[PDB]
Every structure is written in C-alpha cells, then in structure tokens.
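Contents: one structure, followed by commentary.
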Amino acid sequence: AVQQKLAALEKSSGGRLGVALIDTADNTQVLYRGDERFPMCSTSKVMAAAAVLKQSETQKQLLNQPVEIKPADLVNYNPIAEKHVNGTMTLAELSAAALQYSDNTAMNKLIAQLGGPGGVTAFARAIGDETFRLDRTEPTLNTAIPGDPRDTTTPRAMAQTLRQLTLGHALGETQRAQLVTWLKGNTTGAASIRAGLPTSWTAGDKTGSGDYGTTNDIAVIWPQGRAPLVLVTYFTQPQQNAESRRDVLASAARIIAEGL
Ligand SMILES: O=C(Nc1cccc(-c2nnn[nH]2)c1)c1cccc(Br)c1
Ligand SMILES: O=C(Nc1cccc(-c2nnn[nH]2)c1)c1cccc(Br)c1
Ligand SMILES: O=C(Nc1cccc(-c2nnn[nH]2)c1)c1cccc(Br)c1
Ligand SMILES: O=C(Nc1cccc(-c2nnn[nH]2)c1)c1cccc(Br)c1
Ligand SMILES: O=C(Nc1cccc(-c2nnn[nH]2)c1)c1cccc(Br)c1
Ligand SMILES: O=C(Nc1cccc(-c2nnn[nH]2)c1)c1cccc(Br)c1
C-alpha cells in the first residue's frame with residue numbers, strides 16, 4: 001500500500017523519488033529507491049556541521065573560534081555571511097547559519113575547517129557510512145546532474161546516518177543535543193517533509209535543492225506518543241531547469257505518516 005502510493009506519487013510528479021523511513025519504535029524501515037544515489041544538495045550540510053561538532057569533542061573551545069569572512073568568500077546564497085564580510089563568524093555561528101538558514105558561504109567554511117570535501121567524507125566513513133560522498137564545495141555541489149556520483153548518497157544510508165547522529169552515539173551527548181537543537185530551529189523546512197505531518201508532532205530537518213528541480217529534505221521526527229522517526233525524502237527531475245517540488249516531499253511524508 002505505502003509502496004504503491006509512493007510509486008503513484010512518483011509517476012504523477014514526473015521525477016525520481018527516494019524515500020527512507022526508520023521507525024525507532026521497532027527498527028522498521030520503509031524504502032522507496034532506498035539504494036539508488038541522489039544528489040544531496042544542502043542536506044549534506046548536516047554531515048559537515050556534525051563533523052565540526054565531532055572535532056569540538058576534543059577541542060572544547062572550537063565552536064568559539066573566529067573565522068574570517070572576506071568579500072571573495074561570498075558565494076550565491078549568503079543570508080548570514082553577507083552581514084559579516086570583512087569581519088568574522090565563529091564556528092558555532094557558521095554551523096547554525098549553514099543548518100538553519102542554508103547559508104552556502106557558511107557551509108564552505110565548515111568544509112574548509114575539515115580540510116575540504118574529502119574530510120566530510122572521511123567523517124561519514126568513520127561513523128560507518130560507506131555511501132555518502134562529498135566531492136565539491138558550494139555552490140557547485142548542487143549541480144545534481146543525472147548519473148553524476150559526485151555529492152550523492154542513498155536514502156537508506158542517509159537515514160541511517162541521520163539516526164546515528166541525532167539519536168545514537170556518533171556524537172557525544174552535548175554535541176548530539178546541539179545538533180538536534182539546531183535542526184529543530186531550522187527556518188527553511190515548513191513546506192517540505194513537515195508539511196505532510198500532523199501539526200501536533202515536532203521535528204527538525206535540513207532541506208536542499210539544486211539544478212534538475214532537485215528538492216530534498218531529511219528529518220528527525222517526534223510523533224505524539226511514539227518513538228522518534230527518521231525520514232529522508234529525495235527528489236530530482238529530468239530537465240536542468242525544472243521547478244522545485246517541495247509539495248512532492250510533503251506528499252511523500254503524508255503517505256508515510258498515514259501508513260504508520
Ligand atoms: O538560494 C536558493 N536558491 C538559489 C540560489 C542561487 C542560485 C539559484 C539558481 N541558479 N539557477 N537556478 N537556481 C538558486 C535557495 C533555494 C531554496 C531554498 C533556499 Br533557503 C535557498
Ligand atoms: O573520529 C574520526 N575518525 C575515526 C576514529 C577512529 C576510527 C576511524 C575509522 N575507521 N575506519 N574509518 N574510520 C575513524 C573522524 C574521522 C574523520 C573526520 C572526523 Br570530524 C572524525
Ligand atoms: O564532460 C563532462 N564533464 C566535463 C566538464 C568540464 C570539462 C571537461 C573536460 N575538460 N577536458 N576533458 N573534459 C569535462 C561530463 C560528461 C557527462 C557527465 C558529467 Br557530470 C560531466
Ligand atoms: O539500533 C540503534 N539503537 C538501539 C538502541 C537500543 C536498543 C536497540 C536494539 N535492541 N534490539 N535491537 N536493537 C537499538 C541505533 C541507534 C542510532 C543509530 C542506528 Br543506525 C541504530
Ligand atoms: O546553491 C544552489 N542553490 C541553493 C543554495 C543554498 C541553499 C539551497 C537550499 N537550501 N534548502 N533548500 N535549498 C539551495 C544551486 C542551485 C542550482 C544550481 C547550483 Br550549481 C547551485
Ligand atoms: O524561489 C522562489 N521562492 C522560493 C521561496 C522559498 C523556497 C523556495 C524553494 N525551496 N526549495 N526550492 N525552492 C523558493 C521565488 C518566488 C517568487 C519568484 C521567484 Br523568481 C522565485
């Protein structure tokens with residue numbers, strides 16, 4: 001029923017839809033193209049911010065370290081960083097900017113802190129994610145070209161990783177709590193996964209988008225009276241200039257929630 005429903009949604013959408021749910025009540029999963037690769041776009045900002053949180057476990061002042069923002073550092077979406085050009089932002093500020101505002105300049109500083117995209121990938125491998133790969137910086141990591149393995153993961157892998165980071169033991173308890181608080185404070189998510197969930201429920205999420213109408217969201221969800229869920233919804237379309245479809249992610253999440 002749920003599989004058939006997600007297939008129906010996909011066919012009507014004209015794109016390719018990827019879904020992974022983990023229900024932590026009983027370790028049940030629901031996968032739809034769970035092992036196909038999709039461009040992550042800004043959902044990758046979670047892995048970068050989490051990597052810096054991991055570093056902060058052994059450098060308890062790391063999040064207070066200032067980082068210079070120069071004019072030439074600004075890229076294509078800098079709602080927070082543009083306010084600080086010719087000044088500085090701390091790594092905590094850059095983390096919150098990247099997660100909660102989806103600031104691309106902030107993400108670049110997180111990547112640089114980790115020694116480049118490969119350091120983010122290395123963190124993913126260290127926590128048992130063999131699938132995630134970050135290959136580029138912002139903004140080009142969002143080109144989302146069909147078939148391109150760069151800056152991709154699978155829904156199954158990303159759901160597992162988001163669970164380990166937010167509900168498991170990938171991070172220390174303080175760092176886990178900080179990540180959760182950041183995600184729950186997201187500003188960009190009301191039209192995506194969370195639009196398809198009951199309004200009683202609480203959640204944190206990280207959205208992404210790019211070329212090929214790519215429209216993504218990953219979420220940790222606390223349903224009324226139930227153990228938490230982790231839900232990944234990835235969507236991408238066959239034409240480079242396709243419009244975003246946050247509604248399709250909301251629809252997928254509604255199918256999932258009604259199936260619980
Ligand atoms: O900045 C965004 N989009 C963006 C920025 C810069 C360039 C383009 C773009 N160029 N060509 N097609 N899209 C899109 C964006 C999209 C969705 C949510 C949030 Br938060 C930010
Ligand atoms: O803790 C880490 N790595 C670590 C520690 C012990 C073992 C392993 C490991 N084994 N196989 N792959 N990684 C990794 C680590 C790695 C890269 C970035 C960041 Br941030 C943290
Ligand atoms: O040719 C490509 N990339 C590319 C872009 C820019 C320059 C070059 C290049 N320069 N010299 N040889 N190749 C190649 C390409 C083809 C199919 C899928 C994808 Br993703 C990329
Ligand atoms: O399995 C997990 N947690 C967990 C905790 C306590 C008990 C069990 C359990 N008991 N029996 N089977 N699993 C699992 C877990 C937590 C975070 C990320 C990922 Br991937 C998996
Ligand atoms: O960076 C891009 N967009 C963008 C930037 C910042 C945030 C977001 C975003 N956040 N949440 N959902 N989308 C998207 C983008 C879009 C199309 C082509 C290329 Br190349 C880059
Ligand atoms: O991109 C727009 N809006 C918008 C607002 C919030 C989120 C997104 C979005 N999120 N993910 N992909 N697009 C787009 C927009 C609105 C009016 C005119 C023009 Br041109 C562009």
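As shown in the structure tokens, the chain order sets the letters A, B, ...; within each chain, residues go from 1, and ligands are also counted from 1 in the order they appear.
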* To do: Write out as a list in words which residues come within 8 Å of residue 43 in chain A when counting only C-alpha atoms, dropping same-chain ones fewer than 6 positions away.
  => residues 206, 207, 208, 216, 217 and 218 of chain A
* Run DSSP on the backbone and grab whatever in range 25-238 of chain A lands in helix (DSSP H, G or I); send it over as a PyMOL selection string. => chain A and resi 41-56+62-64+71-73+81-84+91-101+104-113+117-126+140-142+155-166+173-184+193-196
* Could you report the residues within 12 Å of ligand 1, using only C-alpha atoms and all ligand atoms, as a PyMOL selection string? => chain A and resi 41-43+74-80+97-105+138-140+142-144+186-192+206-217+239-246
Would you mind exporting C-alpha atoms of the selected residues as a compact mmCIF listing (two decimals), in the first residue's frame?
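Contents of selection27.txt, freshly written:
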```txt
# COMPACT_ATOMS: atom_id res chain seq x y z
CA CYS A 41 22.48 19.28 -2.23
CA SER A 42 22.25 21.14 1.11
CA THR A 43 21.22 18.06 3.07
CA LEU A 74 30.81 35.13 -0.60
CA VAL A 75 29.08 32.75 -2.98
CA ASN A 76 25.48 32.57 -4.25
CA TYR A 77 23.36 32.43 -1.08
CA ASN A 78 24.74 34.14 1.98
CA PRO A 79 21.89 35.43 4.14
CA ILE A 80 24.03 35.36 7.32
CA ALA A 97 23.98 29.53 9.59
CA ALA A 98 24.58 26.53 7.39
CA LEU A 99 21.95 24.39 9.14
CA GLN A 100 19.18 26.82 9.94
CA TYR A 101 19.47 29.34 7.08
CA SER A 102 21.16 27.10 4.49
CA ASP A 103 23.94 29.66 4.06
CA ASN A 104 26.37 28.46 1.36
CA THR A 105 29.30 30.61 2.48
CA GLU A 138 29.36 25.35 -2.65
CA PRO A 139 27.76 26.18 -4.92
CA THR A 140 28.73 23.56 -7.46
CA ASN A 142 24.29 21.28 -6.22
CA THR A 143 24.61 20.72 -9.98
CA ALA A 144 22.62 17.50 -9.47
CA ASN A 186 15.58 25.23 11.08
CA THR A 187 13.92 28.12 9.25
CA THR A 188 13.60 26.56 5.78
CA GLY A 189 11.52 23.41 6.36
CA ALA A 190 7.81 24.18 6.78
CA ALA A 191 6.86 23.38 3.18
CA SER A 192 8.77 20.11 2.89
CA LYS A 206 17.55 20.11 6.75
CA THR A 207 16.36 20.95 3.22
CA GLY A 208 18.27 21.01 -0.05
CA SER A 209 17.77 21.97 -3.67
CA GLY A 210 19.67 22.37 -6.89
CA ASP A 211 19.52 22.08 -10.62
CA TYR A 212 17.33 19.40 -12.26
CA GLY A 213 14.48 20.57 -9.99
CA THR A 214 16.19 18.67 -7.21
CA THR A 215 14.21 19.06 -3.99
CA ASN A 216 15.31 17.27 -0.81
CA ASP A 217 14.69 17.09 2.94
CA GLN A 239 15.28 18.69 -17.01
CA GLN A 240 18.04 21.01 -15.79
CA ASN A 241 15.64 23.99 -15.32
CA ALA A 242 12.77 22.11 -13.64
CA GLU A 243 10.95 23.88 -10.81
CA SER A 244 11.31 22.85 -7.15
CA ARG A 245 8.66 20.47 -5.83
CA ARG A 246 8.59 20.80 -2.05
```
* To do: Could I get the residue neighbourhood of ligand 4 at 12 Å, counting only C-alpha atoms and all ligand atoms, as a ChimeraX atom specification?
  => /A:21-29,127-129,156-171,176,220,227-230
Report as CSV: every residue of chain A with an atom at most 10 Å from ligand 3, its closest pair of atoms, and their distance in Å to one decimal, counting only C-alpha atoms and all ligand atoms, with rows sorted by chain and ascending residue number.
```
residue,atom,partner,partner_atom_place_in_ligand_line,distance
A:143,CA,ligand 3,20 (Br),8.4
A:144,CA,ligand 3,20 (Br),8.4
A:145,CA,ligand 3,20 (Br),5.7
A:146,CA,ligand 3,20 (Br),7.5
A:147,CA,ligand 3,20 (Br),6.9
A:148,CA,ligand 3,20 (Br),4.6
A:149,CA,ligand 3,20 (Br),7.8
A:150,CA,ligand 3,20 (Br),7.8
```
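Using only C-alpha atoms, the nearest neighbour of residue 119 in chain A within the list A:181, A:55, A:95, A:88 is A:55.
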* To do: Give the residue list for ligand 2 at 6 Å, counting only C-alpha atoms and all ligand atoms, as a count of residues only, sorted by chain and then by residue number.
  => 9
* Coordinates-based distance that separates CA of residue 37 in chain A from CA of residue 115 in chain A (Å, one decimal) -> 24.6 Å
* Asked: Got a sec: who's within 8 Å of residue 9 in chain A, counting only C-alpha atoms, leaving out chain neighbours fewer than 6 positions off, as a PyMOL selection string?
  -> chain A and resi 248+251-252
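Minimum atom-to-atom distance to residue 35 in chain A, evaluated using only C-alpha atoms, belongs to A:154 out of A:154, A:64, A:3, A:59.
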* Using only C-alpha atoms and all ligand atoms, which residue out of A:256, A:94, A:193, A:231 lies closest to ligand 6? -> A:193
* Considering only C-alpha atoms, return as a count of residues only whatever protein or nucleic-acid residues lie within 9 Å of residue 67 in chain A, sequence-local ones (same chain, fewer than 3 positions apart) excluded. => 7
* To do: as a ChimeraX atom specification, list the residues of range 73-242 of chain A assigned to strand (DSSP E) by DSSP on the backbone atoms of this structure.
  => /A:87-90,152-153,202-209,215-222,229-236
